[PDB]
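All Cβ positions, even for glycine, are placed from backbone atoms using ideal geometry, and neighbour counts span all protein chains on display. Bear in mind these aren't lab numbers, they're just calculated from the coordinates by the rules spelled out.
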Ligand SMILES: CCC(CC)O[C@@H]1C=C(C(=O)O)C[C@H](N)[C@H]1NC(C)=O
Ligand SMILES: CCC(CC)O[C@@H]1C=C(C(=O)O)C[C@H](N)[C@H]1NC(C)=O
Ligand SMILES: CCC(CC)O[C@@H]1C=C(C(=O)O)C[C@H](N)[C@H]1NC(C)=O
Ligand SMILES: CCC(CC)O[C@@H]1C=C(C(=O)O)C[C@H](N)[C@H]1NC(C)=O
Ligand SMILES: [Ca+2]
Ligand SMILES: [Ca+2]
Ligand SMILES: [Ca+2]
Ligand SMILES: [Ca+2]
């Protein structure tokens, strides 16, 4: 039976630690994939970590040059949450240098983009079987969420971007059923930029918090129907959520252009007119991580907030982060539970190695006691090489 | 319930990337089998890659001399598609230096040939249990498909060859039910040569596209009943599909003798009087790969075609390729879906190593948008050794 | 259906060997986790070994400094009993530097404590899903059993300690149902010290044998209701069960203060007014192991006993030991079967390595013939490093 | 439902190759256990290889001295047939330096002997749970089959030996149900010696072919009821089946004393008054292997036979061999199928290594065409060490 997606997000007070894979530490000796862009997605029965391999193991010569983003060798694979991604515990999903995945209650939907920069194709699989294809419409690096798609009532939803990463691009929402595109809509969003959306379902409605790589140090959002009727905006809080970003100050409910160029994949959970913001601790680089509760931050422009929960200290590397959700049919709860993962990037460009990889940690929204701390990657670089 | 095999091949426009195992790249550090002759076969529930190991791991001294084709140590094994063939994820199937495998909807049938050159025996297993045996009848390297057998209505079908590889040999079709031979027929095919057949079911009828190692640079074919009533011929297109081969020119609906000796395992999908040809890009060696749609190529002798889709560039090594199929009972489709795999050979004889192995990529026939590219093996040779 | 916990402990005469993982021996070459604090827990269908990794493999640089007890990298994981804990056979459970786990007949409950020393949080998971949280109430290293919790009639029970490890601390019993705390009670135990409790169910009643780290060389005990109505005491036998301890002499039914400070996790099985004591052979260090039947030792103060069964010789290292139980619904027996495991610690502080790890052996209570022997760790130190 | 064991052995003409694990070849690089005494046993659903590890991996320092037979570190483990025994694919069964195992249709029974030479205990497990114990009655190396036990009608049967290995010992048959001994009988066999019995069921009757280590170069046999009513004897053929042995000549229906001392574990299948003999090719050492059909060899004393099928050449090492069986409920056949495995020993004492291990090959009885060949171990010694 299908995941309803009809209930609201659980009330929460903080975030309890959920998983830590220790991947890079283990890959010093173990046969562990070089990966980036990991993400978590759950069904009605399990939770899996999905990741983009570089088709190479850590501490091996084929990990050379793995700071490079796209190659014919990158593949989407998955393993049980909290396990080190290995060729001996990993399920092959798709050939992909950009990906999304989610479960509708019946089967896994996966989305894998591969092919040339000027004509990439998204391959959609339902239960490991190809069901559809989406071809680049702007012939400039077709790219998707790098986190879980959202499912409501047997329909799953995703965002894709095509075009420049330093200017106006083109953004589309896709509605799919059983891995087939049944509807899609291009966003009429002049002056907006959408990329690497973290999307979650909330009472029949999908909310995406994305990355403005163009000219925004605050995060853009889309909220849409099962019909793809949408509203757009930026998070107004002066607690800016992108990286890089300026210091906290007066927000905008447009893009904040200081330190607006570039960015990092992130997420936020809308709670009424309040917002839980996951962001790095550093203003410039992908270092540290904290959760911030800003009770009026969705709509109000000030820089004040109620609650900081430390997750990774500034002295340690972080990276991508994304939302995932746990549905009532898995948990037995009467509400949809918010969770998040953080990718902890090690190696290039910031460190002197021949390789780039990431490990993961994850946390779930909880209505009981929690604590801040640092759960950093913990590997000592460089490696034997 | 049994795979019907009663429906036709799906209409398609091109090929979407399905899997890439990255085996050789991973085997630089990971515990990965030295293999050749890999192939994919699906049931009603899963798809598996089958392969012939050399009973040795990559980058280990026992991989020495693995260009050699037949030994008592070669075994047929399988793992989930897209995973690197490892002793920790691989299921043992059979002792074999030549093999075939398929699923009738109930159980896996496997065929493993081992024993001496002058008296090899094919061991047939149904659900991992020995059900029959076929002894060499010409005492000269009994050999079979090195790809999936075809199943129609609880009966599975295979081709075997015995005799010289530089002259007339003897060719037999076998019909088996529950892993037992119930009927077989020797082909009355003077001047023809059949080897390494890629066979697929199409509306109750089996079509095999094979390798003429003797004197044909175009590929021979057999099409046969559930009764083993057959017709034979060669593909007429002047787009020649073997390797080695001459340049494209005037085809024959006999063997094209320039560059006819030797060959490579390949495949083709008959679509009316049209043909999808998988072939190497190079005319001499196993380099590159492309799909070609020739709308009249089954019967017409010209060298013109409609559609080239690149799969591997000439600058990269390929090798064997074969058909596999996905039945309605697995996909939910109303038609049988064509797919193919390519073996990407690395090492001897073309490169200076002590070993020979292959990785795999695969693709499925799709009626939506697709793109050409190169998805090559990607390993850097030589290895530590 | 739920584990009843309503039957009594089986009559037994001795202990039959059950498992040996050979972990450290294998981890000399194999990819094996550095672990400590392992323990066994069974469901109605299987038995699993749980352990606290250091997020590092044996014989790798990240095993450096692993004598250290608590870090953000420590995780609770599990694998089938008797298997070497590897990233390729291990299931991720929780982020934790102190842990407990048990099965109520329906799902696995796990308890993982992580976070800072001055504010650690216990994360409770039911079926891998977070169900509750317990925050440190004395802000001084919240810590739990490091063995299985006890389940009676769909309710599971655990003990936690907070406060100093060289003085009076605070001790609480928790009753949980489906991974949620429904009741808890603080023990009014002046002059007592409770830590690392080994708890087992006996006819609807839970008995814990614990570690007095403060001033007791005999072991303290709690016995409690499904209502958390309790009685407390120390084991009276002059066969002292902690390490360190004095030589056997006149017991107390309070803490025996010679050699009372520090301690080791241990266990005992109450059989009427008799007791089966698992203890080290050495009086000072964690060396050797023996089972002792003292038919009056629960209540009587003498140092005489009936039966020594050797398990590990004094010349070999042991460490932690704990109780586990096998319920009728798993075994088909009419009684609850007592079993125990021993952790065999190797490396720091006693040996010159950069690392500390442990392997495990286990034994089950049997009413047939048994034999004493030595089943030691068997690794030769140091390692390559 | 229980394995009946009520049908007869299938008619056969020869032996078709079934499995080859290539263990030692793979263990040169892969994480593979050092093992000896492997054996195969099947249920109604699968076939598993059982083996005695030395708690150490190949090509690691802990493999030193593994020619030694008995230690506290030896464990019984199992994996799917034809797979290399690894800590990542192996299930832990029992602590044991001598073992037996079989499946009654419901659960796995395992028998593991460990403990001191002068008081070893057999631990019986049903479904991985301890159900019984057998203590040494002669206090001189209690030892069992090192192959599968035989099951008839929910009862399983085994042979054990206690006493000297160069003189009269004591031999017992045990009948067990659900892993519990319900009956046992000591054989009144003066001048006979029984060890390492290969036992199989045939129409409600169990036949064991064993090893006379004392003074027999032909093999002893026991045939017994479900009641344990027995007959004893030696195989009369002048085709002697032990190793060492004299050249073929005039048999005895007592022990043939030339070259009678020592021996090797072997097997034979009784077919009326005929016999299929598995034996080494060499008369002195464990080299080579062949199957011999002697149509009158059970009862007649001559050295003539009808059919030699080569399995391993004299130039290659063999070792232990044993019977296993495949029951109708697994195969769908109307008869019980005979199969055998051969252990291929490498290293000490015959080769200069610090270690001893074995790989396995196996074969099944077939009523179709077969072929002789050599399927040897194939590892090149010595190793890195
Ligand atoms: C194409 C532009 C885009 C945003 C700058 O690049 C992303 C940056 C990345 C990053 O900033 O870490 C890694 C992503 N894998 C990459 N996406 C793709 C599909 O290449
Ligand atoms: C026996 C002749 C045949 C065609 C030349 O050789 C094949 C060539 C091969 C090849 O050209 O790559 C590899 C095949 N494994 C081999 N088949 C066998 C069974 O040995
Ligand atoms: C906090 C004090 C406590 C008792 C001395 O330390 C324990 C000692 C240990 C020991 O004596 O081996 C190891 C335990 N992992 C540790 N517990 C924690 C949670 O750190
Ligand atoms: C105890 C005598 C017996 C026969 C000589 O030794 C056997 C010889 C062996 C052999 O000849 O290879 C290996 C067996 N593992 C061993 N059995 C035990 C239990 O140690
Ligand atoms: Ca930005
Ligand atoms: Ca040719
Ligand atoms: Ca103490
Ligand atoms: Ca003998």
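For every residue, the table says whether it meets (1) more than 16 Å from ligand 2 (Cβ to nearest atom); (2) away from chain B (no Cβ under 14 Å); (3) free of Cβ contacts under 8 Å to residues at least 24 places away in the same chain; (4) not in a loop (DSSP other than H, G, I, E, B).
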site: A:157; (1), (2), (3), (4): yes, yes, no, yes
site: A:184; (1), (2), (3), (4): yes, no, no, yes
site: A:200; (1), (2), (3), (4): yes, yes, no, yes
site: A:206; (1), (2), (3), (4): yes, yes, no, yes
site: A:211; (1), (2), (3), (4): yes, yes, no, no
site: A:214; (1), (2), (3), (4): yes, yes, no, no
site: A:226; (1), (2), (3), (4): yes, yes, no, no
site: A:240; (1), (2), (3), (4): yes, yes, no, no
site: A:245; (1), (2), (3), (4): yes, yes, no, no
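Residue-level check: of (1) in contact with a strand residue (DSSP E or B) (Cβ under 8 Å, 6 or more places away or on another chain); (2) surrounded by fewer than 24 Cβ atoms within 10 Å (Cβ to Cβ); (3) farther than 20 Å from residue A:265 by Cβ, residue A:48 misses just (3). Residue count for the stretch C:1-39 under the criterion of being over 25 Å from residue C:59 (Cα atoms) and buried (at least 22 other Cβ atoms within 10 Å of the Cβ): the result is 6. Of all residues in the stretch C:190-213, none are under 26 Å from residue C:53 (Cα atoms), in contact with a strand residue (DSSP E or B) (Cβ under 9 Å, 6 or more places away or on another chain) and surrounded by fewer than 19 Cβ atoms within 10 Å (Cβ to Cβ). Are any of the residues in the stretch A:264-276 farther than 24 Å from residue A:341 by Cβ, out of contact with any helix residue (DSSP H, G or I) (no Cβ under 9 Å at 6 or more places or on another chain), away from ligand 4 (no atom under 16 Å from the Cβ) and touching a residue at least 24 places away in the same chain (Cβ under 8 Å)? The answer is yes; a qualifying residue exists.
Just the residues that are within 14 Å of chain B (Cβ to nearest Cβ), touching a strand residue (DSSP E or B) at 6+ places or on another chain (Cβ under 7 Å) and under 23 Å from residue D:208 (Cβ atoms), please, taken from the stretch D:329-348. Those that are within 14 Å of chain B (Cβ to nearest Cβ), touching a strand residue (DSSP E or B) at 6+ places or on another chain (Cβ under 7 Å) and under 23 Å from residue D:208 (Cβ atoms): D:330, D:331, D:335, D:336, D:337, D:338, D:339, D:340, D:341, D:342.
Among the residues making up the stretch B:320-335, those that are assigned to a strand (DSSP E or B) and closer than 17 Å to residue B:2 by Cβ are B:325, B:326.
Residues that are within 14 Å of chain C (Cβ to nearest Cβ) and assigned to a loop (DSSP other than H, G, I, E, B) within the stretch D:1-60 comprise D:27, D:28, D:29, D:30, D:31, D:32, D:58, D:59, D:60, listed in sequence order. Filtered by the rule that a residue be crowded, with 19+ Cβ neighbours inside 10 Å and within 14 Å of chain A (Cβ to nearest Cβ), the stretch C:133-155 gives C:133, C:134, C:136, C:141, C:142.
It is to be established whether one or more residues within the stretch D:98-111 are at the interface with another protein chain (Cβ under 7 Å from one of its Cβ atoms) and either touching a helix residue (DSSP H, G or I) at 6+ places or on another chain (Cβ under 6 Å) or farther than 15 Å from residue C:15 by Cα (or both). Checking the stretch D:98-111: not a single residue is at the interface with another protein chain (Cβ under 7 Å from one of its Cβ atoms) and either touching a helix residue (DSSP H, G or I) at 6+ places or on another chain (Cβ under 6 Å) or farther than 15 Å from residue C:15 by Cα (or both). Here's a check for you: in the stretch B:78-92, which residue that is facing another protein chain (nearest Cβ under 8 Å), crowded, with 22+ Cβ neighbours inside 10 Å and under 26 Å from residue B:121 (Cα atoms) is farthest from the chain's Cα centre (by Cα)? Out of the qualifying residues, it is B:87.
Quick check on the stretch B:349-370. Is at least one of its residues under 25 Å from residue B:5 (Cα atoms), in a loop (DSSP other than H, G, I, E, B) and facing another protein chain (nearest Cβ under 10 Å)? Scanning the stretch B:349-370 turns up at least one residue that is under 25 Å from residue B:5 (Cα atoms), in a loop (DSSP other than H, G, I, E, B) and facing another protein chain (nearest Cβ under 10 Å).
Taken together, the residues in the stretch D:317-334 that are surrounded by fewer than 19 Cβ atoms within 10 Å (Cβ to Cβ) and touching a residue at least 12 places away in the same chain (Cβ under 8 Å) amount to 4.
Specify which of the listed residues (C:130, C:173) is surrounded by fewer than 24 Cβ atoms within 10 Å (Cβ to Cβ) and part of a strand (DSSP E or B). Spell out how you get there, then give the answer.
Details: C:130 fails: surrounded by fewer than 24 Cβ atoms within 10 Å (Cβ to Cβ).
Matching residue, one of C:130, C:173: C:173.
Residue B:313 satisfies every condition listed in (1) under 27 Å from residue A:124 (Cα atoms); (2) buried (at least 17 other Cβ atoms within 10 Å of the Cβ); (3) more than 14 Å from chain A (Cβ to nearest Cβ); (4) more than 19 Å from the chain's Cα centre (by Cα) except (3). Out of D:270, D:281, one residue alone is over 23 Å from residue D:200 (Cβ atoms), surrounded by fewer than 22 Cβ atoms within 10 Å (Cβ to Cβ) and within 19 Å of the chain's Cα centre (by Cα). It is D:281.
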